[PDB]
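Working notes for the structure below.
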Amino acid sequence: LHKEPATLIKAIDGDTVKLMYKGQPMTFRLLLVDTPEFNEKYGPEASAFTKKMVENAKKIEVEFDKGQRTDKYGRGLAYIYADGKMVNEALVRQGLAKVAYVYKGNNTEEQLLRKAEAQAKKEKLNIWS
Ligand SMILES: Cc1cn([C@H]2C[C@H](OP(=O)(O)O)[C@@H](COP(=O)(O)O)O2)c(=O)[nH]c1=O
Ligand SMILES: [Ca+2]
């Protein structure tokens, strides 16, 4: 897969973010993860974790997988990198997202992310506490 440039417009929640991509504002949905909604337990902590990660980044990059690049709501589906660190993985590693929504074809980083989740569980972090 290939990393492409983008700029932060606005943090939304734990697993969605508004970015400018090829000069167009787009809501991005993080592949392969599910954060709780803001109105659920660990929702606010997830939102804050993603927000800090993208807001502190000097460089945001997106990486589409081999499959569907936009979902039924028009959100871009991507792995999003903040100064070279994947937000998707970082969520999971901290137990603020579960590996989820794993659809054939858009599953390149599945193994990396399940590995993170297994560690987060072993540590009983957040959701796993
Ligand atoms: C992450 C992801 C979500 N979705 C859709 C499936 C779910 O449909 P429904 O809205 O019908 O449940 C929804 C969950 O996204 P949220 O977790 O952001 O709600 O987003 C995809 O189609 N592909 C994906 O890769
Ligand atoms: Ca969610």
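The chain is numbered in sequence order, starting from 1. Counting starts at 1 for both ligands and their atoms, in listed order. Scope of the values below: all heavy atoms of this structure, side chains included, with no hydrogens, waters or symmetry mates.
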Please determine whether salt bridge (charged side-chain N to carboxylate O under 4.0 Å, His left out) holds for the pair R29 and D13, giving the CA-CA distance in whole Å, both sets of side-chain angles, and the decisive distance to 0.1 Å. CA-CA 10 Å; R29 174 68 165 82; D13 77 350; over 6 Å; no

Do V17 and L8 have side chains that approach each other closer than 4.5 Å (heavy atoms only, starting at C-beta)? yes

Is the cationic atom of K18 (NZ for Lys, CZ for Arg) positioned less than 6.0 Å from the six-membered ring centroid of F28 and within 45 degrees of its normal? no

Check for a donor-acceptor pair, side chain of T35 on one end and backbone N or O of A46 on the other, with a separation under 3.5 Å. no

Rounded to the nearest 10°, what angle sits at the Ca ion (ligand 2) between OD1 of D34 and O of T35? 80°

Sorted by chain and residue number, the side chain to side chain contact (heavy atoms under 4.5 Å, CB included) partners of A82 (sequence neighbours excluded) come out as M53, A57, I60, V87

Result block: side-chain N/O donor-acceptor pairs under 3.5 angstrom for residues 37-44, not counting sequence neighbours:
{"unit_1": "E40", "atom_1": "OE1", "unit_2": "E37", "atom_2": "N", "d": "2.7"}
{"unit_1": "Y42", "atom_1": "OH", "unit_2": "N126", "atom_2": "O", "d": "3.0"}
{"unit_1": "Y42", "atom_1": "OH", "unit_2": "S129", "atom_2": "OG", "d": "3.0"}

Kindly confirm whether the Ca ion (ligand 2) is within less than 3.0 Å of some N/O/S atom in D13? no

Quick one: angle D15 OD2 - the Ca ion (ligand 2) - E37 OE2, to the nearest 10°? 150°

Report every pair formed by an N or O atom of ligand 1 and a protein N or O atom separated by less than 3.5 Å, giving atom names and the distance to 0.1 Å.
{"unit_1": "ligand 1", "atom_1": "10 (O)", "unit_2": "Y73", "atom_2": "OH", "d": "2.7"}
{"unit_1": "ligand 1", "atom_1": "11 (O)", "unit_2": "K72", "atom_2": "NZ", "d": "2.8"}
{"unit_1": "ligand 1", "atom_1": "15 (O)", "unit_2": "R75", "atom_2": "NH2", "d": "3.0"}
{"unit_1": "ligand 1", "atom_1": "17 (O)", "unit_2": "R29", "atom_2": "NH2", "d": "2.8"}
{"unit_1": "ligand 1", "atom_1": "17 (O)", "unit_2": "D34", "atom_2": "OD1", "d": "3.3"}
{"unit_1": "ligand 1", "atom_1": "18 (O)", "unit_2": "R29", "atom_2": "NE", "d": "2.9"}
{"unit_1": "ligand 1", "atom_1": "18 (O)", "unit_2": "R75", "atom_2": "NH1", "d": "2.8"}
{"unit_1": "ligand 1", "atom_1": "18 (O)", "unit_2": "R75", "atom_2": "NH2", "d": "3.4"}
{"unit_1": "ligand 1", "atom_1": "20 (O)", "unit_2": "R75", "atom_2": "NH2", "d": "3.0"}

Does anything in residues 89-99 pair up under salt bridge (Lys or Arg N to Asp or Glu O under 4.0 Å), and if so which pairs, sequence neighbours excluded? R93-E123

